[PDB]
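Q: I have a structure I would like to understand better, so I am pasting it below and will then ask my questions one at a time.
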Ligand SMILES: Nc1nc2c(ncn2[C@@H]2O[C@H](COP(=O)(O)OP(=O)(O)OP(=O)(O)O)[C@@H](O)[C@H]2O)c(=O)[nH]1
Ligand SMILES: Nc1nc2c(ncn2[C@@H]2O[C@H](COP(=O)(O)OP(=O)(O)O)[C@@H](O)[C@H]2O)c(=O)[nH]1
Ligand SMILES: Nc1ncnc2c1ncn2[C@@H]1O[C@H](COP(=O)(O)OP(=O)(O)O)[C@@H](O)[C@H]1O
């Protein structure tokens, strides 16, 4: 009825999909076998005549190991065996490899599977594309898939929850290259892009959950919680229902600028839980704290343009209004001159469930703040330097060219992110 | 025998209408299964205003619910009084309007409007004599405002002479819910000025202030705000449903209230709104009801009347009361606050009395004030609309729906003309 | 710039008991007969006198045009705006004055005579080049129905937009260019066919819609080339009669639309009242009539109201209502601005001409100052002055020095003594 | 747009330069921007049968095209 089709591309995509689908199974009570002992599962699961529920997801990767971990894991009877798609050779952190050479047949098969999933949709709110900007599988194949989806499906709302390279810390070397390339690719196709930084999520885990040794499972669990809070209004009723199609109209002022910071609150363990009141105003303040951002991008540098708040649990509109009034009256937070409202408040009556074995505690209230701000230009400033620093003398460029690109594509991407830079400066300046 | 066709639009409008129908059925003694259980002749005397009789004793509301997403009316049908409404009067699209007035008025509302008008015509032709339509919805919402204005235009075309009453939830001043509230409100006010004969302006923040200051509630949810709005929507037409010492129907209120056609936006309030703690501590007298009536805090619109000038003001009292008491009290109010009252109207008061107060209340009174204070609400909405429109923020969403950019400027011009209209009659001098 | 409220009386072919009089062509007085039965020597209301800018007891349409709108059309061709609209009783000759029966339909009525004079003026002023457009829209039941071109009959996209460049115009109105008198007549008669008229007791074919025929004039100079162009208007409006709504009775689109006509007329009169009081805003949006006539009745437009009255023994009340409205209209006086086009290319070309002539003259004077300017030269060659006189029929220049060649030889000896 | 603004600024600078030159010249005549009082042209045409004259630096559009060719040769 209000179905959303999920795509998980690359290792990071599939590994956040594991957390996402564990969270959805726990929320709906669906056992890992596929069946549970109204119709709130319809957003994420389609039920068969036998009573088994199959999720409307597609695990796309060119590397077999990540998909095979799911194929052999507890969720082997849950997903459709063909919905798990594996390639033969990894894209090897090569945007060109994942976009031009290996990605072709795989994206053809993925489009066929996505088409037949959508043929099972009465309504279709949109797509949830989860990948990692900075790798060939994520960047290249994800970009190609988004291009094809924009060409064929058309106006369906695609939300790309991309993971961008951190400012300083990183795991790959050619990460700036494929990051700039994929940014150029998805600047014109995804409708709402959500930035995520491993560094910021690590800092959140270290300061708030007191996890001195964070890992990818924890990062993906927080990301899944953010996505679940985002989609909560699709499944559970509440005051101030906010919709997937409503996100763009209330958050994207100009089509070019649709990159969004995400922040969750509260982020606490059980030991620290039930030690603070966790009032609505306090959790809103925490959500608008710069350290709670899941992107290494200080909002104090720029100006907020829109802020969509998604509350879950025992939240009353009087409390949310008082909290947002205090936020507006606070001097540290600055909005643009041309967006006096700048706020999209939404509440839902279903508190987020706690995944057993995680570190998040059972809290009656939750806030997912997704903000469109001009401060995000800072991350593009970092990547546009890390790119050209390698590019002037053309390091690693032979690799990308060997999979069907030119310096023309690199220069086009670089100037396109420069256009995005002066775009951000424009929307910031009076 | 003077029927009223109720229409609910959007999420806010549908919730308000559901609460309104719950309150009306409660006041008429109708249980959620439709059977009358009031044990009073007067309740069934004029039940035909709001309800029709089915084959059995069931009484179904003359209401029509619209939405572009089925979730809101699924919640309505799951509500306590969800089964009274016609299953055929639930009209829904498939994809909701993303808070987009353009989507709710041009692209997505166009297909559903034919079904809406079909159902509306079916309900209206069944009526013996039709007083008119009442449409409950919210300004600043996609499906709500868009379909509300489109339907109001269509009904104005079909039934020009029939009364049109609108209960519009204007976006709140201080804290805004959606970002595109100024756009939707400015576009909707343009349609309401031209089409709606009578319009009620309500603000959620004013409702929060009234429920936190007079009702002194701790956790006022949207149910309570819808309950207050529903109480006012009942009180406006109780003169149609119950015997009155000096009765006054909707057209009489419109005639006595609207001096000039464009100045049909009214701030309204209900009395007696008493906190639970001081319910026993308050004395129910007509002077007390009037004193609470003319307070600015009692107003359910954000604008406070002290800034502006009362063009007109009607009060529909309910209960066994002295007309001498009522008339003397409101004449005294006018004399004492003559500065806030227009000079070129000798009496700014339309007093009406009904003999049946709402259940539990010995006396009550609904107030409908047409004052130039609403100038500041329109002015604030324009202060936001111009700020957004100079940079064309979010304008591509409306433009891609097939609405010209010129329409925004034309709507702003109309709204500013209304503002200056209010200002002219605020500072106009006699002779 | 004043409002010239003229009055025209319908010649009663039945020759009813006429009570109106005109002593000097300016004032008109009506004596209502006092009711003998009702309160003998206790009534005290018999006489009502008014003063206007002219009265026409019984004149032909030619005389009516000459005394009514000749100056307004002349102003239209001089660049000013103009607005002639009729008001009065139903069947009082409003449509008759405003392009009615006239005599023989051979350039009779007001609008046909107006367009005939328009094109006569365009022909005669062969110096300047004109661009004439026409439009013909009817306000019926507070809806704008365009008549020229196709007739959708649904009021589609027809909305009166505010002054883009200080004049109110109609968006979606089919503006029809005209280049000869015959197609102007054809468009107007198409409008005449298309407009809504209904049977009535006072008038056999009563006009139940306020019809507005706007002649848009776009000037351009003799040299033209994007200089002083466009932005002139002339609205000829025939309002619908003000019916007492006690004879019609029938709701079958005779009373329901009569109520709309009365409301539009009352809104117009209220606008007139606010303008006479000279209050700040004087609302114009309360009806399509005031919206259309927003620039008129104010703005920058020369308005001349026509008051068609019908002197009958029982029509005295309606006649007095019309006269009171006309008297209150006479208080008004509007502006007259020579508004011209705001075309971007027009501005650019017109002042690139300016910049080139300025730099040419600057260079000439700089060279004269630096190199040296020799005055009192060629004083013996009168053949130069003769050649200048000959070339005056063409486009040529003259010597700048020596008081501009002695004012071009005293303007070529006053153009050879005005061509002898 | 940009061309209009630049050309208008150039015209203003040219006018300022002309005024500065007239400051050192004998006297400051009219800027010859335009002729709003077109009735002056008719007055000059009427005075063309008498003793008068007004040309100044801009020649006043060549005496208004020689009084419009002497009123079109006195209406031919
Ligand atoms: N937040 C988050 N990011 C991850 C996680 N796993 C991997 N990443 C990021 O994903 C990027 C690479 O992902 P992929 O491109 O899919 O790696 P792959 O599957 O081997 O495919 P290629 O590298 O393109 O050949 C790395 O730069 C990591 O920063 C994760 O579990 N959580
Ligand atoms: N009084 C009241 N107002 C509401 C309720 N729900 C939403 N609103 C207000 O309605 C405004 C517009 O929302 P709405 O028009 O319903 O969204 P739409 O239905 O998608 O067009 C928002 O600013 C809310 O503050 C409710 O239950 N009661
Ligand atoms: N010289 C005249 N002046 C005024 N009315 C005349 C004259 N000659 C004839 N009439 C009559 O006036 C009528 C036109 O009235 P009209 O203006 O159409 O009424 P309305 O004002 O309702 O439109 C014609 O039927 C005609 O018989």
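Every residue, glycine as well, gets a Cβ built from its backbone with ideal geometry; the counts of neighbours run over all protein chains shown. No value in this document is a laboratory result; all are computed from the given coordinates.
Here is a yes/no grid of residues against (1) within 14 Å of chain A (Cβ to nearest Cβ); (2) under 16 Å from the mean Cα position of the chain (by Cα); (3) more than 26 Å from residue B:149 (Cα to Cα):
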site: B:177; (1), (2), (3): yes, no, no
site: B:182; (1), (2), (3): yes, no, no
site: B:185; (1), (2), (3): yes, yes, no
site: B:188; (1), (2), (3): no, yes, no
site: B:206; (1), (2), (3): yes, yes, no
site: B:233; (1), (2), (3): no, yes, no
site: B:236; (1), (2), (3): no, yes, no
site: B:242; (1), (2), (3): no, no, yes
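Q: Examine region D:28-42 for a residue that is facing chain C (nearest Cβ under 8 Å), assigned to a helix (DSSP H, G or I) and out of contact with any strand residue (DSSP E or B) (no Cβ under 9 Å at 6 or more places or on another chain), and state whether such a residue exists.
A: No.
Q: Take the residues in region C:203-225 that are out of contact with any helix residue (DSSP H, G or I) (no Cβ under 9 Å at 6 or more places or on another chain) and more than 20 Å from residue C:174 (Cα to Cα), then tell me which one is surrounded by the fewest Cβ atoms within 10 Å (Cβ to Cβ).
A: My answer is C:204.
Q: If I ask for residues that are surrounded by fewer than 17 Cβ atoms within 10 Å (Cβ to Cβ) and within 16 Å of ligand 1 (Cβ to nearest atom), which ones from region A:102-125 would you list?
A: Correct list: A:104 only.
Q: Got a number for residues in region C:1-17 being within 16 Å of ligand 3 (Cβ to nearest atom), part of a loop (DSSP other than H, G, I, E, B) and more than 19 Å from residue C:90 (Cβ to Cβ)?
A: Selection size over region C:1-17: 1.
Q: Still on this model: Of all the residues that make up region A:119-152, how many are within 14 Å of chain B (Cβ to nearest Cβ), more than 17 Å from the chain's Cα centre (by Cα) and away from ligand 2 (no atom under 16 Å from the Cβ)?
A: Matching residues across region A:119-152 total 3.
Q: Taking residue A:12, is it more than 16 Å from ligand 2 (Cβ to nearest atom), in a loop (DSSP other than H, G, I, E, B) and buried (at least 23 other Cβ atoms within 10 Å of the Cβ)?
A: No: the conditions fail for residue A:12.
Q: State whether one or more residues within region C:345-366 are in a loop (DSSP other than H, G, I, E, B), out of contact with any helix residue (DSSP H, G or I) (no Cβ under 6 Å at 6 or more places or on another chain) and either more than 8 Å from chain D (Cβ to nearest Cβ) or under 30 Å from residue D:6 (Cβ atoms) (or both).
A: no
Q: If you don't mind, there's one more thing I want to ask. Across region B:146-171, what is the number of residues that are in a helix (DSSP H, G or I) and within 19 Å of residue B:19 (Cα to Cα)?
A: So the count comes out to 1.
Q: Here is a further query. Restricting attention to region A:184-204, does a residue exist that is away from ligand 2 (no atom under 16 Å from the Cβ), in a strand (DSSP E or B), away from every other protein chain (no Cβ under 14 Å) and under 30 Å from residue B:68 (Cβ atoms)?
A: Yes, that holds for at least one residue.
Q: Follow-up question, since we're still on this one. Quickly run through region A:243-267 and pick out the residues that are facing chain B (nearest Cβ under 9 Å) and in contact with a strand residue (DSSP E or B) (Cβ under 8 Å, 6 or more places away or on another chain).
A: Listed by number, the residues that qualify are A:243, A:244, A:245, A:246, A:247, A:248, A:250, A:251, A:252, A:253.
Q: Follow-up. State all residues of region D:43-76 that are outside any helix (DSSP H, G or I) and either more than 10 Å from chain C (Cβ to nearest Cβ) or within 15 Å of residue C:416 (Cα to Cα) (or both); if no residue qualifies, say none.
A: D:48, D:49, D:50, D:51, D:76, listed by residue number.
Q: While we're looking at this one, here's another question. Residues C:302, C:278: which one is more than 20 Å from residue C:241 (Cβ to Cβ) and away from chain B (no Cβ under 14 Å)?
A: Being more than 20 Å from residue C:241 (Cβ to Cβ) and away from chain B (no Cβ under 14 Å) holds for just one of C:302, C:278, which is C:302.
Q: Report yes if residue A:315 is within 30 Å of residue B:220 (Cα to Cα), surrounded by 23 or more Cβ atoms within 10 Å (Cβ to Cβ), in contact with a helix residue (DSSP H, G or I) (Cβ under 9 Å, 6 or more places away or on another chain) and within 9 Å of chain B (Cβ to nearest Cβ), otherwise no.
A: The answer is no for residue A:315.
Every residue, every condition in (1) more than 13 Å from chain A (Cβ to nearest Cβ); (2) in contact with a strand residue (DSSP E or B) (Cβ under 7 Å, 6 or more places away or on another chain); (3) more than 19 Å from residue B:185 (Cα to Cα); (4) within 16 Å of ligand 3 (Cβ to nearest atom), yes or no:
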{"position": "B:76", "(1), (2), (3), (4)": "no, yes, yes, no"}
{"position": "B:81", "(1), (2), (3), (4)": "yes, no, yes, no"}
{"position": "B:89", "(1), (2), (3), (4)": "yes, yes, yes, no"}
{"position": "B:102", "(1), (2), (3), (4)": "no, no, no, no"}
{"position": "B:111", "(1), (2), (3), (4)": "yes, no, yes, no"}
{"position": "B:127", "(1), (2), (3), (4)": "yes, yes, yes, no"}
{"position": "B:138", "(1), (2), (3), (4)": "no, yes, no, no"}
{"position": "B:146", "(1), (2), (3), (4)": "no, no, no, no"}
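Q: Then there's this: Give the residue, chosen from A:382, A:365, that is farther than 28 Å from residue B:387 by Cα and within 14 Å of chain B (Cβ to nearest Cβ).
A: Exactly one residue qualifies, and that residue is A:365.
Q: Then there's this: Give me a count of the residues in region A:147-168 that are in a loop (DSSP other than H, G, I, E, B), closer than 16 Å to residue A:183 by Cα and out of contact with any strand residue (DSSP E or B) (no Cβ under 6 Å at 6 or more places or on another chain).
A: Of the residues in that region, 2 qualify.
Q: Tally time: how many residues in region A:359-395 are more than 29 Å from residue A:424 (Cα to Cα) and either touching a strand residue (DSSP E or B) at 6+ places or on another chain (Cβ under 6 Å) or surrounded by fewer than 19 Cβ atoms within 10 Å (Cβ to Cβ) (or both)?
A: Here the count works out to 5.
Q: Determine, yes or no, whether residue A:82 is in a loop (DSSP other than H, G, I, E, B), away from ligand 3 (no atom under 16 Å from the Cβ) and surrounded by fewer than 20 Cβ atoms within 10 Å (Cβ to Cβ).
A: yes
Q: Any residue at all in region B:328-341 that's surrounded by fewer than 24 Cβ atoms within 10 Å (Cβ to Cβ), in a helix (DSSP H, G or I) and within 14 Å of another protein chain (Cβ to nearest Cβ)?
A: The answer is no; no qualifying residue exists.
Q: Could you grab me the full set of residues in region A:217-242 that are in contact with a strand residue (DSSP E or B) (Cβ under 9 Å, 6 or more places away or on another chain) and away from chain B (no Cβ under 14 Å)?
A: The answer is A:219, A:222, A:223, A:225, A:226, A:227, A:228, A:229, A:230.
Q: Hey, among the residues in region B:388-429 that are assigned to a loop (DSSP other than H, G, I, E, B) and within 14 Å of chain A (Cβ to nearest Cβ), which one's nearest to residue C:162 (Cα to Cα)?
A: Ranking the qualifying residues of region B:388-429, first place goes to B:403.
Q: Here's a follow-up. Considering only residues that are surrounded by fewer than 19 Cβ atoms within 10 Å (Cβ to Cβ) and part of a helix (DSSP H, G or I), look in region C:273-287 and name the one that is farthest from the chain's Cα centre (by Cα).
A: C:277
Q: From the set of residues in region B:193-204 that are closer than 19 Å to residue B:371 by Cα and in contact with a helix residue (DSSP H, G or I) (Cβ under 7 Å, 6 or more places away or on another chain), which is farthest from ligand 2 (Cβ to nearest atom)?
A: My answer is B:197.
Q: Name the one entry in C:85, C:50 that is within 16 Å of ligand 3 (Cβ to nearest atom) and either surrounded by 15 or more Cβ atoms within 10 Å (Cβ to Cβ) or over 24 Å from residue C:105 (Cβ atoms) (or both).
A: Every option except C:85 fails the conditions.
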